[PDB]
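Heads up, the Cβs are rebuilt from the backbone with ideal geometry, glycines too, and the neighbour counts pull from every protein chain shown. What follows is calculated from the coordinates using simple rules that are stated; it is not laboratory data.
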Amino acid sequence: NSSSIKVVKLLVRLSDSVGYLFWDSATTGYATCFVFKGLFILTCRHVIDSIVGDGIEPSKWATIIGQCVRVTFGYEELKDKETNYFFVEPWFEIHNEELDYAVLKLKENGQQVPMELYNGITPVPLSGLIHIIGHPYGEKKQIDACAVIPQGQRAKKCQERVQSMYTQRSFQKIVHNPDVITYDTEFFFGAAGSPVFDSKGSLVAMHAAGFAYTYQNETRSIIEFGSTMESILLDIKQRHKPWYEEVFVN
Amino acid sequence: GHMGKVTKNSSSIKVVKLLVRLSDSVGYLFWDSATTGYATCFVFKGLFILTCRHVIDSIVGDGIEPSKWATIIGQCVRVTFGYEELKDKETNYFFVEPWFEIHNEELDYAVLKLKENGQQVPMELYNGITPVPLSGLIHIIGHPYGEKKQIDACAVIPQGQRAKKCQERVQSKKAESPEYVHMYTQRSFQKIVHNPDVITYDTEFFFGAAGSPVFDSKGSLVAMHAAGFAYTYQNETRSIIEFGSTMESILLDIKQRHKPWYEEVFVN
């Protein structure tokens, strides 16, 4: 579970591109995001669901996002929670519900936009150590070193953890899913959109959600998963090819 | 790990940035004497660095006259602060002055002095006296197994549980098979069971990390990692519990036994 000083020195520099996204309009909430490419940031899709609310026509979604969403990258202490924030352009076009990702665009306000975290496609580790950087529980920015659950063991672990709410009939969407990476982390609450890097510090996935339960007045989670950057970028290449060529190759 | 009773392993970005700043003051100490070996040290105060006493025992050797120890140290010990990759293992190193006067066997600490050879002396890690945490999370920075510099976030074992937890692991692994064995004396384990001068924790730096600085959850130097209680099972070597001498005890011992040097170094 220990890491080398070199990798952690890389990770703390990368953490400046991990942001806290918050909104306070008709709905109130938070999430984690990160600078994907250029002025574009990446987060989860159910985050946008929380931002807009139920029963709203899609034609209005962008207008809502550009009116109430703020993103700050310097949230390391309580005082910095809702200060020095970028606005978001009223634009919402690149997303997918299955892979659970959403692309937003920051609005330049004369500040320094953090370095992009997408350096290229990095293969997903089948085992070993990973590092998740985000804002769990809406708290200050934190980093966690986590153990990866190999896909072939996903069906086992779950059934153990239930026998040691839900059923094994409910994990059917992640047990044999090669587009997600499973792991045991403490960032299982409100850390949607937190980047997940491999043991060398390369962006490999984005944390999605978990499965919460209560035990001795404390909220725990059975298993956590995230959408792999390979899957997200391939879906973007296929569904939004003009935007992909406009942003990524030039 | 969220299946049993677990302490939070994660840290905040602010504390981790502080710790990567402090790691530049953690040094890999290697020696080529009658025996060849390695350990960890850290810049204590000014040019002085702190490591473990049994490290000096391993450097000098058995039976050597004490009057020679210093002269051996300042001739064979080298310390590098940039061992973050394999290529930097024994590059850009300081020598140590032929000086060995401040040490203690019971608390297992030893003070050495770097020799300014043109290299950059790191920042000292001793700012003030920090109370020892009774529980929670700590961070160890060092060179375990002689590898590149690493940092581990570990769970503190409260003092009152030292007698409990340990046995719970012993009887857990010992009941299985008759090939289990401890590699430590019980007389050596009973010296930390009710000892407030050491802090105990569960870490992965139970090898070659002697002298590694141990910081609290906020990033303040609180202890120096000493040793562990190793046990082998199925030909794999684990450790029941690890411990470190608190900086409180070390500084008190320095004030009591070496008052002139303490006033010469710390107050003036």
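Packing here is the average count of other Cβ atoms within 10 Å per residue, and on that basis the peptides A:176-184, A:190-198, highest first, run A:190-198, A:176-184. I need the shape label for the stretch A:80-146. Rule: rounded when a/c is under 1.5, else prolate if a/b > b/c, else oblate, with a, b, c from the alpha carbon gyration tensor. Oblate shape, in that a/c is at least 1.5 and b/c is the bigger or equal ratio. The value of relative contact order for chain B, using C-alpha pairs under 8 Å at least six residues apart, is 20 percent. Counted by Cβ distance under 9 Å from residue A:133, the other residues give a net charge of 0, where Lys and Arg count +1 and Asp and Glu count -1.
Descending by average beta-carbon neighbour count within 10 Å, the peptides A:208-214, A:118-124 line up as A:208-214, A:118-124, the highest first. Other protein chain C-beta atoms within 10 Å of residue C-beta, averaged over B:13-21: 6.
Please state the shape class of the protein assembly as shown: rounded when a/c is under 1.5, otherwise prolate if a/b exceeds b/c and oblate if not, all from the C-alpha gyration tensor. Here the protein assembly as shown falls in the prolate category.
If a spin label sat at a point 7 angstrom from the Cα of residue B:164 along the line to its beta carbon, the backbone N atoms of the stretch B:183-206 nearer than 19 Å would be those of B:190, B:192-196, B:199-203. The residues neighbouring residue B:3, those whose beta-carbon lies less than 11 Å from its own, together hold a net charge of +2 under the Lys/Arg +1, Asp/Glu -1 convention. Were the residues from residue B:186 through residue B:86 laid out at 0.36 nm apart, the gain over their Cα-Cα distance would be 32.3 nm. Just add up the charged neighbours of residue A:232: K/R +1, D/E -1, any other residue whose Cβ is under 13 Å from the Cβ of residue A:232. With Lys, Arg at +1 and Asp, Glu at -1, the neighbours total -2. The relative contact order of the stretch B:16-115 comes to 28 percent, based on Cα pairs under 8 Å that sit 6 or more residues apart.
Going by neighbour counts of Cβ atoms within 10 Å, the residues A:60, B:165, A:141 line up, fewest first, as A:60, B:165, A:141.
Taking amide H as placed 1.01 Å from N in the peptide plane, residue B:222 has its amide H under 5 Å from the amide H of B:214, B:215, B:216, each at least 5 places away in sequence or on another chain. Packing around the peptides B:126-134, B:69-77, taken as the average count of other Cβ atoms within 10 Å per residue, puts them in this order, highest first: B:69-77, B:126-134.
Work out how much length residue A:113 to residue A:155 would gain on full extension: take 0.36 nm times their residue separation and subtract the Cα-Cα distance, in nm to one decimal.
Taking residue A:113 through residue A:155 to full extension adds about 11.0 nm, to one decimal.
Averaging Cα coordinates gives a centre for the stretch A:171-218 and one for the stretch A:60-117; these two points are 22 Å apart.
Please compare each pair in B:165/B:259; A:37/B:17; A:6/A:241; A:107/B:14; B:5/B:148 to a cut-off of 30 Å on the Cα-Cα distance and tell me which ones are over it. Let's see the in-between values first.
Details: B:165/B:259 39 Å; A:37/B:17 25 Å; A:6/A:241 37 Å; A:107/B:14 27 Å; B:5/B:148 32 Å.
From the list (B:165/B:259; A:37/B:17; A:6/A:241; A:107/B:14; B:5/B:148), the Cα-Cα distance tops 30 Å for B:165/B:259; A:6/A:241; B:5/B:148.
Multiplying the residue separation of residue B:218 and residue B:173 by 0.36 nm and removing their Cα-Cα distance gives an extension gain of 12.7 nm. For the segment A:105-116, counting C-beta atoms of other chains within 10 Å of every residue's C-beta and taking the mean gives 0. If you sort the three axes of the alpha carbon gyration tensor as a ≥ b ≥ c, you get a/c of 1.5 or more for the stretch A:129-230 and a/b no higher than b/c, which makes it oblate.
Counting only other chains, and only Cβ atoms inside 10 Å, what mean value do you get across the residues of A:137-145?
Partner-chain Cβ atoms within 10 Å, mean over residues of A:137-145: 4.
Note on A:17, A:4: ascending count of other Cβ atoms within 10 Å places them as A:4, A:17, the fewest first.
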